[PDB]
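Protein chains in written order, with the authors' numbering: chain D, 6 to 248; chain Z, 6 to 248; chain A, 6 to 248; chain P, 6 to 248; chain R, 6 to 248; chain W, 6 to 248; chain L, 6 to 248; chain U, 6 to 248.
A virtual CB, placed ideally from N, CA and C, is assigned to each residue, including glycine.
There are 8 protein chains.
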Amino acid sequence: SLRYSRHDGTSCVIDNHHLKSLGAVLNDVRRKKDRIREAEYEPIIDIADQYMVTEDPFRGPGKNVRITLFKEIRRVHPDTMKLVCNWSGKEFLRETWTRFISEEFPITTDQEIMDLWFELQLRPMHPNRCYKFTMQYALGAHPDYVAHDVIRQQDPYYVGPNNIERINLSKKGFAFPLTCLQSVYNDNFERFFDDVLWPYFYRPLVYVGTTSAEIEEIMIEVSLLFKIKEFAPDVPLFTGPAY
Amino acid sequence: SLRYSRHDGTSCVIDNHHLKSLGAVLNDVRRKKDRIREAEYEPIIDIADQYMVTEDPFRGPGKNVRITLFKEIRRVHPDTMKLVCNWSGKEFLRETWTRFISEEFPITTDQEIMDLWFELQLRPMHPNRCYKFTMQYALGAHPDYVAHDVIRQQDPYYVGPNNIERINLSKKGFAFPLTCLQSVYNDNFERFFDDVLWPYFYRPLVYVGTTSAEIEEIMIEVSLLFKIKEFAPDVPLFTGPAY
Amino acid sequence: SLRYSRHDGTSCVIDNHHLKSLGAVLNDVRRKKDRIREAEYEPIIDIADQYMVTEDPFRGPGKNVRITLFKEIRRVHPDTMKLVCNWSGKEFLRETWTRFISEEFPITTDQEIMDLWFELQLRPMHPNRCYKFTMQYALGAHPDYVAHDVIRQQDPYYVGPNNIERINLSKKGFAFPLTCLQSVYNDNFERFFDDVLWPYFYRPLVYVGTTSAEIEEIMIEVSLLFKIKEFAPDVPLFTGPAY
Amino acid sequence: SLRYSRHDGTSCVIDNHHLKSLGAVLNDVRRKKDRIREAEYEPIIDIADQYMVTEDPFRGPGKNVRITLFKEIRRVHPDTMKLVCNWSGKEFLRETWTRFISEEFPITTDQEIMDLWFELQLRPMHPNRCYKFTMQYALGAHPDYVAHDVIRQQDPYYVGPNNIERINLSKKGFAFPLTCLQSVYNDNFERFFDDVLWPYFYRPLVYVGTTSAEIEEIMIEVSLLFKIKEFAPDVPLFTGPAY
Amino acid sequence: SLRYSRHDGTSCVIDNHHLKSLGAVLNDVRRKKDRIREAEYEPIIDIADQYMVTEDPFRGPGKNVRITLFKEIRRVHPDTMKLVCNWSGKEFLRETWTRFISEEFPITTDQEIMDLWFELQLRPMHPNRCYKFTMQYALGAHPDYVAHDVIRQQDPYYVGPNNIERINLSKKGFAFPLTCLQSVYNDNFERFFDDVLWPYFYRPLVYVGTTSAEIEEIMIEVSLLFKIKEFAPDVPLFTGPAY
Amino acid sequence: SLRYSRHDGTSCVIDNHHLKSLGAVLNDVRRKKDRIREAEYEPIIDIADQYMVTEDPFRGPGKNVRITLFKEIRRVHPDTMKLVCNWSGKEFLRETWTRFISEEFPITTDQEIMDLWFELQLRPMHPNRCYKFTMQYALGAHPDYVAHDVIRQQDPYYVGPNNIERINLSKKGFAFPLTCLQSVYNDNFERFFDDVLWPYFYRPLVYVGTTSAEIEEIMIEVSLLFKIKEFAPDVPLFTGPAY
Amino acid sequence: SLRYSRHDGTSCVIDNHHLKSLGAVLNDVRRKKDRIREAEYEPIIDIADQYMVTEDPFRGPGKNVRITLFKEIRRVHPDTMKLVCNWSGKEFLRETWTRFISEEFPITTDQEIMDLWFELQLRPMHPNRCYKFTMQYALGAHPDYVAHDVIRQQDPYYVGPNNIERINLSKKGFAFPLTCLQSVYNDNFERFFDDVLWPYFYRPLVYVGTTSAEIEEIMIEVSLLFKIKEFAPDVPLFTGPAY
Amino acid sequence: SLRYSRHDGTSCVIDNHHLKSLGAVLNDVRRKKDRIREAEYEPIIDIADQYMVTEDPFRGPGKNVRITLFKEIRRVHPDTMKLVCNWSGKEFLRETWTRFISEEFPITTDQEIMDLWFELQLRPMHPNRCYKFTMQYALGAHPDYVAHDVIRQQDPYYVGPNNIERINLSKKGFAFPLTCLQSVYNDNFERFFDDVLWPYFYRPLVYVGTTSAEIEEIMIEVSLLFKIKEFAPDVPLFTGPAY
């Protein structure tokens, strides 16, 4: 915070003559100098404004709802990665539908699920170590294909600075409990499952490794992160009967 | 502009000896210093070149065709947003097809519609105010779902600096009068409508608010902005008969 | 002027994701850095705000009315100053009252004369010279005291950069045609003169010199500068009869 | 605050040899460099010391006693100003004498009123507005002159950054309850009024406007601010009888 | 001083070709760069030129005549101030008239006393102390009011850096031996005293303290400082008879 | 240009006290700082003033008279240069005398030809190329020596930044139509030619190439540039008879 | 060298949208800033471009041919210089003609000797010394004048940083084996000598000293340095017969 | 020195208002900025204050008494060092005791010899040389061991910038004429010698060389430097008898 906002100093009148605080006058001079510098670089900004950057989805619009799923420890050898989850498509749908619906009900407002993200969050199990986390994934395969429990690292994704990676699971492929802007209806998992076209094909298979030259022991927290926009009317909630 | 481009100074020869302008020689020295600095930071740029940014679609490739649709005034209470449009899917398609085709015909070149954007452009109705604009939207719902006229603000999109927001309406969902690279054929709205699979489901529902602590009065201009790439041959237009 | 005010760049939405112009984001970063610097120096400004400076009366409040009186040439020897005017108190009052009233009538608004200033404005009569102007003055004396036409310079006032000096003639001493906030009444010079208590005592005696080591030839323009504040009602002027 | 004042580091003696902290020695070196810079700019300060600035009267010597008088709301059209007060000279004296004497009694010390200031303090009645305040005033007029309630703005005083203007009411013109350095005597308003020579002539007439292009609603707090210097002896207060 | 003024270098002609010193040419280049910078900040100065500062009266126009009056030692307790002088109005006038007239006669030129200043000059009586001086004053009181010899400090004036304070004694209140621009006449103290209207009311009562937390011993030199402008004609002084 | 020259701000006098604009006072402070810096580097300039540079003859004294001679296109292979002109000494003298005399007559003032320069001016015949121009020359040879039309490049002169090279043809070698400071007499080419001692020996043979790795097509403009100083008396031209 | 020239980064297209490398975009921004700075200083360069400097003849056009002549050791006392060579004019011509012709034959191309330079190159004969070299010379004298072997130093030439001095021997005075642009003819020294007008008058007499306060021992290498421009046609050399 | 210490500017009082010099106010602002910077780096100094440096013993506490012993010239070959002194232990004690006692008597105060230092001071015997001095030493050996007069240099001590090296001779090993804090007694060399336990073992053997690649001739001054602290009472010296 500031002390005076930007209303520093004052003014008074003596014998028709007008006095103003010296520090405020010096700010006016310095602000004029800055205003001149703002105009000198405007054409430079116009060059930079040929391009755009993307707002962080998790700090940006929509609320975050973190449906944590499970925790797990793995020990990973150097230059390898270990599989984090090996659910079938049906088991992943059971967890997706069951954990979100039971956590969120009652859903009392119209809302739309903007995106579904698979969240991998990693932390060391020992102090005084120095290394970074890597990641690889796939999202679909023959239902009778069983993934290797451990693979060698090859051009992996490098996990970001806070040791979190979030992978978007697009509506193309992965089914949401709430498709569009809607109120909830009566629903159940069997209805949900039956209306998914390819329940057994899509399922996140995620691997985790490090950049260490020794074995490291890792704690993993896995979550589904829903981005949600609500459409709550500007009206009161009354006890029945109303009025 | 510059005065001399970068051809400052000159040269002459006196008694076999070659003279060159002092200012040009001082530029050669300064350019060598800069060249050395360019090489010192090259490895730093290589780090930055691990990442990429996205060209502004409206300043970038393709031409812009702004099909303005209507204007509207709303008064919006603090912490709320008011609905801008409430067309059914059919009415939105009538406006989309009718306004674009009638504005653009005759379409005399092969062309492709790259993208369709919904443009929301906002301006204050009073001077001496200080506040910013916010936005929320949805794109589909049950045809018998009628959107709330006013909602409370919750994690909205913050409209950009020039008080314009443009929302992409992807070919996935929203139907275009010209699908691919094509010449025009004979067409009409009934043919168009009949070949859209889900005419009644998709329709932009957009809300507008502010960051003000008082009621504000807003003027809204809504447009469809088409990005178009043309394929005009390098040939003459002659009066018939040719040659 | 600027090109974009401070509304540089824009924003758009693609697949729920929000893009903003890179140059605008870089300005937001730079403005945060400046905001931090503004807070670091606030305590320094608080020290400077212990003192105050005075607004230029001629660029400040009240309008200026320059009643030019006469012009005059003098040649001045080094280290001396020559007298500019030698009116008695009555002759100065005749010029003061006559020149202001005749120039300003009709005076159609309530108004107050804030201050009366004696303006000395000097310009060289030869090019390619380099020197500055000096000034000395007195404001009252025995009516039978006649001032020396030329004096030696001793600790004079150094005229300011634009070769103008303006000396305040305070209501204490010098009589104004309009004393307070008033409408005009029927008036004449004899009424005015008779109501001045000491008409013969007060009169500006002003001398002019230079900082040159040679004789210089100077053109002098002498004026009375009135500072006036008007109280014009917010009402129409109609042709009689009104309504 | 600081942590160590300027007594950083220490010293010890080993085998006749004297050790001192490295950071303190580096400060001694840096202070010598600064001392050298202080001497390089001394002649520059001597140039600046040809001029002087004025200490803020309200942060400077004498105590402040704010006798608030009343509050008021005005709505002011663009380019106009509205009258704040329209008291006669007698009514202004009644408020001046009554409010100060009743607030301050018992006055138990010798003291002098240094100055009397008319304080105008302004604040917006709506949030999210951006504009500044302007002021105009007069101090005397025919007692049967009634000021216009609203005037058009013409070269006004621009109120200072904190939205306060303070206008000096000099002893020349405006009468004080305590004239010089004195103890209080028995006094009353009738005695006070009778000894003022021109009670009906002097009275502050103050107008307020803005720099806005819309109507704005303003809250006004008006006060008399007395600057007072006390002469309290360095002696005890005892319960009677003393000693 | 400089060595070459600003006439560094030279020029010569060889075979029609003109050579100039390299250092002078480099100054011409640097001066052009500065000239460009002078124009970049001109608009900033125009902002600062909205305000004005006041020339030091003692370094400014008019000569200084320091009529020292007396010296005095006081010991002052912390948070208190001791009275410096306690003359009646008549005794102060005797010292003012007697000391100035006897010091200055013969007064051989026309002159005007611009201002009269009361000078308080303070110096420590012990070395190796660190503290500053404070001041408070009054200028008039009932003739039978006797000032307290010691008062507690309350919002005092902080003496300036050189341990001098000078208080203006205006013609309004305090009588001068020479009123306006005049030659001297035959005069004496009785004539002077009799023509002062209120001889017994006005008299400077000045107090001195410190910012020390211990008792300090102070040496005080008190003077009247006259600012004088002379009007000496540009004529010879001859031995009589002239010519 | 500047707005105020260096006469920014002003001064006025209030109650003997002298006010000056704050921006002007801040310039005085900054100029003192610069004056101090000017003296710190004076000894450095004295080192640079041990050497001298040469004024551009074409921007320097004497007027320029460009007698263009012809234009020509050449295509030049990489690492080669092509001959620009192959006149005998007599043909070069015919062009030199004929083109200058016919262009300049009537020559109505006393004047001296300071220098004669051969001007080679080059420009590309295609856009979007990047290369520089080179030059080689000789000035005399056996009259029956015929120069090679194309030579390989070997340590050539690199043409200056503006693609002009000017080669001095000294009076030693090359004959001028006007030898010294003179009025014109009756003259003709035969008289001129007969008085040249070695008409057939001296003749500029100039070659042009590039720094390109491809063939380039060049447009060449060749001129004689005369530097002339005139001695025109300060007298009127009258219609005959005079007076 | 650089790694990427100035082609850093790349571009790709995803869903009509265009991405470019961040480092390249940051270079574009920085280059725009530099371009703006280039235009700010252009007027400053125009001032510097009033003057010119001279290209180093030995790094500049024409090839260098160093005909070393002899080596010599001298011991030189402080403040003195010793003679380096004392040839008559004939002996200097024998060395000049004989050493150049025998070194350079066969001369197979048309060429011109641009300049002849006398090269003095000096090196210390002891390590761990610190001093500089000085030079003085003359170029002609009565043939029966014999130069002093040692002279006292008086305003000498200070040899340049690399301990080489090169003195131009102009065609005016000193005769060249090849006068103009020519092929070689049959020639011999007697023919050459007989056609020199003043063989016995011109001869370089050069002296060498130091800035040391002790005796120093110096090794001297003396050479004639010819600057030569060749005119080699762009044609093949074939074995006879050609074609 | 400075001109004003840090008491620049002054203050005065006009109409209750307090003026202070502008340059002093600008210093107050700049000092506040510096005070803020002092607090920003305090934590950095705390890091540096983890370590300590040692006061130069010769500029530090205790007085210096330089008992010069002898002078000597040596010529030293490259990469070698020559012996400076070859005294036995007894001869070194004779010089140490005899030279100090005879130089210093009468010793009239209580005092302690803090340290004894062997001083080697070197200077070149020729000008215009560039090289540095090296040193090696030993302090004890078998009395019948005779040191080599010249040794090859191997990892020597590099003499400091002023060409002085001072080697501490500790009380452990080397005997002092005054052991502790004492008055002098009657003493002689035989008493001194007899009470030294190992007179023949300890003796400084010092060698000197250079970093030159040539022979150099060196002048050597060798001294014993005593550091002494005196305990002189604060009492008068009277002529006997006292009082």
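Test item: CB-CB of residue i and residue j under 8 Å
i	j	result
U/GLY28	P/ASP51	yes
D/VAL213	D/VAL81	yes
R/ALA218	R/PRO132	no
A/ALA143	R/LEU186	yes
U/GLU47	P/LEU7	yes
R/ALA44	R/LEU88	no
Close-in-space but distant-in-sequence residues of the same chain around residue i (CB under 8 Å, 5 per side omitted)
i	result
L/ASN168	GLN126, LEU127, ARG128 and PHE138
L/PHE181	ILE118 and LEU121
L/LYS76	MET224, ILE225, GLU226 and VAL227
L/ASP13	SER26, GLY28, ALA29 and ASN32
Chain-ordered neighbours of residue i on chain D, where CB pairs are closer than 9 Å
i	result
Z/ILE52	Chain D residues near Z/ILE52: none, gap ~14 Å exceeds 9 Å.
Proximal residues of chain W, C-beta to C-beta of residue i below 8 Å
i	result
L/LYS68	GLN159 and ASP160
Neighbouring residues, chain Z, relative to residue i (Cβ below 8 Å)
i	result
L/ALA29	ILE50 and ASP54
Cβ neighbour criterion (16 or more within 10 Å) applied to residue i
i	result
W/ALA146	buried
P/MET130	exposed
D/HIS22	buried
R/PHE123	buried
7 Å CB neighbourhood of residue i in its chain, flanking five on each side removed
i	result
D/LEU74	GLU100, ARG104, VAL227, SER228 and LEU229
R/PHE179	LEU121 and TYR207
R/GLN141	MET86, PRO161, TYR162 and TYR212
Nonlocal neighbours in the same chain, by C-beta distance under 6 Å from residue i, ignoring five residues either side
i	result
P/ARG71	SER228 and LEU230
Closer than 7 Å at the beta carbon, the chain D residues around residue i
i	result
P/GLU45	Within 7 Å Cβ-Cβ: nothing; P/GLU45 doesn't reach chain D, min ~23 Å.
Closer than 7 Å at the beta carbon, the chain P residues around residue i
i	result
W/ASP33	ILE52
The region 66 to 76 of chain D in contact with the region 152 to 166 of chain Z per 3-pair CB rule at 8 Å
yes
Would the region 85 to 96 of chain D and the region 104 to 121 of chain D be scored as touching if the rule is three or more Cβ pairs under 8 Å?
no
Does the region 189 to 205 of chain L come close enough to the region 30 to 38 of chain L to have 3 or more Cβ pairs within less than 8 Å?
no
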